Each structure stands twice: as structure tokens, then as C-alpha cells.
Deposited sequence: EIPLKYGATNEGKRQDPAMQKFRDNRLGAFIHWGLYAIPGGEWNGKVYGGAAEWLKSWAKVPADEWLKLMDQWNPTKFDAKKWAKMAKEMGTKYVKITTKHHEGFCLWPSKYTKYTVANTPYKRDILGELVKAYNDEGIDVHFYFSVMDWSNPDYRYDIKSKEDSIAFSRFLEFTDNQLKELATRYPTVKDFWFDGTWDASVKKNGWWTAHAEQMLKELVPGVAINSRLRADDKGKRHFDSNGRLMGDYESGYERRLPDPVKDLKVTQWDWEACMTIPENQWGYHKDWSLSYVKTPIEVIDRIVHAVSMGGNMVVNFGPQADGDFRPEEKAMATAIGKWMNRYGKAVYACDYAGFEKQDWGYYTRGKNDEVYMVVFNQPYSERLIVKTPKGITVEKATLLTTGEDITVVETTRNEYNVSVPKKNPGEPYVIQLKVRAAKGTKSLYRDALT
């Protein structure tokens, strides 16, 4: 194997209580809010179909001009308590907030740049208001942080010269300053989710990624750090040159998920997927007619899919420039909330069950060996096939919502037909088993 100084630090999954909490939470919301919310995908009369938070790029807007949006940053309708209540009602156990996106505008009053909420008409420390309000609802807060920073001229996409190295070294010190400031100002932070770390400049500075992970872990006891931050000595990202996962959890499943039959490898490590409601919009885009918009059942399927393979899922929201959420997101949060209130026993604190995937939907496993069948696709046969691992029997099935007994018929050794409920639940539903020992598009840049 390749000798490395800045490759993986963790052997298996972390099993300290902070990581157990990170994992058990399972369902999170992503909040993308920044200057991009103001134009909302439109510049000088032209609507661009690309992701709204990348509008500076699509519309070729110079840094000085883009950041002049600060003069219009005045989210009059913002209420952090209302944001927190929305998340609580959705059943989210944590929220990941954009502290600073690629544009470089900070949602907290950083001492290290003038491009912050302090220098807008609104003035208020948005991030601090959100941290307090979410925590008051018993919701953990995670910080999204973009290393790539379009507002700082010391940023480099690659290191091609001595000057480049000089400028980028200053940039990395600036980045450390902001990160230390976040960690110490808001010590209840549970996770740093890095983004914009794919450029050759960061790949050439794997040492710094390892340094940033350690620096934050020393400042915030038990903090989690995503794989997206990390590059090894050789510039290899997420997993090092010896195939070992860097950081605390894998973070490359973006608007896609691992295959339930072919990608069981993912059960070996902690991981967190993220997703958008439209095809590819993270920040506020004013026109959702431009791409397909997922229904609530489509989103719920993806949430359960992640949990069934041992991962977390984070559903994105892109708040309006005024500080409210658009009606489509309010509808989505309420719909997810309703379902989670009924069926969340099968999601929270659940994990991969070790059973062969069946067509009716997903298995999940509780902390105390409860096995849950989450049914998305109702069989005309009126029979849900369950093939158990060797040495496992099914002793009972119970409908989660009503507690009613569900008929279980052995069809052959290790195989059963679980009956569908006598009355069709009319939505994706859960059967709890008692088991026993026998005897045009753009790909996500991540």
C-alpha cells in the first residue's frame, strides 16, 4: 500500500456518542441562503436554467458587481423561530446551514472579510439567530462551508506558479481564521460539511485538509467532518490512495443514491446523502417550471432508501430573499412531517437490516433488532415476499400504525409471504417484524 501522511485517520465507524447522535438523527434539512436568493436565477432580464447559487458563473458577473447585492440584502420576513418550527414539524432532527457559499458572502459577522451580513441593511447575525432557534427546538446544527471563495482574490483554482503558492497560502490562513471563528463563536455546532474543495489547488494541499479536520476536532469535542473536505498526499479525494475513507462520513451521493443490490459496500461506513426538490436547484430559483419537481412520496422514497443502506438523508430548501420559504417547500415539509409522524419509528435510529432487497420497498432495522418493512409498491399478489438471512426466522408481523396482527406464511426455508393489510393504507406504510435467531443536465461536482 501507498505510504501516506494525510490519508485516513478513522479505522471503522466512529462509535462515540456524538457520532451515534449524528447517525441516529437520520433525517436533516439543508438550507441554502445567500446573495443568490436576490436575483433567483435571473440576471439582466435573462433566466438561466443552471443552479441559481451558481448564477455569478452562468451570467459572468464580476466579483465587485455580484457582491453589490449586499445593498439589497434585507430579508424583512425572516423569523428564526418560524424556521425552526418548520423544521420541527417536518420531523428533521438536524439542519445544515450555508455559512458561506462560493460567492463568499458570510451569514455571520466575520471579522475577516467585509462581505458579511453585518454590512447589509439588515445587519443581523442570521447564523447566530438560526443556531439559537434550531437548538431551542432540540435540533442539531451543522455548518456548510465553501472553501472556494469567489470574493477573495487570493483564491486559486490551481497552483501553477510561485505567486500562486504564496497567494494560496494566505488564502488558507484566511480560511482557518473563518473556521476557528465559526467553531468558537457557535460552539454547539455538531458538524462541518465542506464544499468547493475539488479544485487542483486544494488537491495539491492535502496536508491542509487534514490539518483543518484536526483543528476543528480539537476546538469542538465530537464534531463530525465530511469526506468532501479531504484530499490525501497524492491529491486523491474522499477516499485516500489506499481506498480508506477520510473524514467521518462519506459525502458524495448528491442527487443520487447507491444501488440497493450492487452497492452494499456503503454499509461499511457512515454516509450522508443530500438531495434537491427540483432536478438541480439548491439556492432560490424563481422558476421551478424549468425542470421536474419531486412529489413528497418521491422524496420519502429517497429518505427511506438512504436509511435502508445505513445512511442519512438531507433534503434541501432554498429560502426566498425576503426570508420566507416558497409555497412548494412549505407543502413538502408539511407532507414529509405528516408521514414521519406516522412512520418515523422506521427511520430514526434505524440502519441497514442485512436482508436481500425485495421489490415492494425497503427494510430498515431498529436499535434493538426490530425489522421494518417500508412498502412503496403494493403487490397485486397481496403478498409481500420476505427472504431472511441464514439462521433468522420471522415470528410475527404487526401493522405499525394500528398495531394489528399481519398474517405470516412460510413458503420455504428462509422465505415468507407477509400479507398486505386487509385495508389498503393508501400511502407508503410500515409493517414491523419480530425476528429471531433460528433453531440539458449537469452532473454533481463533488
In sequence order, what intervals of the deposited sequence carry no C-alpha positions? 440-443
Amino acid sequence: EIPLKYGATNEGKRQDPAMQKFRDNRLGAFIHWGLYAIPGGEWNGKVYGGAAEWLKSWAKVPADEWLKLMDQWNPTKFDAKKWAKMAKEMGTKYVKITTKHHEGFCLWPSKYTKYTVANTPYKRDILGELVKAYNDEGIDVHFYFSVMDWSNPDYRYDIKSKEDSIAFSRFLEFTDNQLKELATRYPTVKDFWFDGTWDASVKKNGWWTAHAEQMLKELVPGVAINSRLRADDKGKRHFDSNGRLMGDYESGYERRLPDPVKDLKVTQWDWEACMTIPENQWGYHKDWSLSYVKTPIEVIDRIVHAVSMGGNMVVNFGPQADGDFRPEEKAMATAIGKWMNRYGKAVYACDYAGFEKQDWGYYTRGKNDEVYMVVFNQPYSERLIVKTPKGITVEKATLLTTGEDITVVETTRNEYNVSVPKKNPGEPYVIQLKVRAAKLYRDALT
From here on, numbers count along this sequence of modelled residues.
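Between two forms, the rigid core is defined as the largest C-alpha subset superposing within 1.5 Å.
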Rigid core superposition result in 7 other deposited structures of this protein, more deviant of 234-242, 132-140 by Cα: 234-242
Give, as the answer, the stretch of 251-259 and 275-283 that departs more from the shown form in 7 other deposited structures of this protein; the measure is RMS Cα distance after a core fit. 251-259
Averaged over C-alpha atoms, is the B-factor higher for 148-156 or for 225-233 in this PDB entry? 148-156
Given 407-415 and 25-33, the range whose Cα B-factors average higher in the PDB entry: 407-415
Report the option among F192, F168, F239, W360 whose CA atom has the maximum B-factor in the deposited record. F168
Out of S57, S381, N377, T398, residue topping the C-alpha B-factor column of the entry: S57
Position of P425 among the chain's modelled residues by C-alpha B-factor, lowest, middle or highest third: middle
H142, C-alpha B-factor rank within chain (lowest, middle or highest third): lowest
Is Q15 in the lowest, middle or highest third of its chain when residues are ranked by C-alpha B-factor? highest
Could you say whether, by C-alpha temperature factor, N316 belongs to the lowest, middle or highest third of its chain? lowest
Could you place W271 in the lowest, middle or highest third of its chain by Cα temperature factor, using the values in the record? lowest
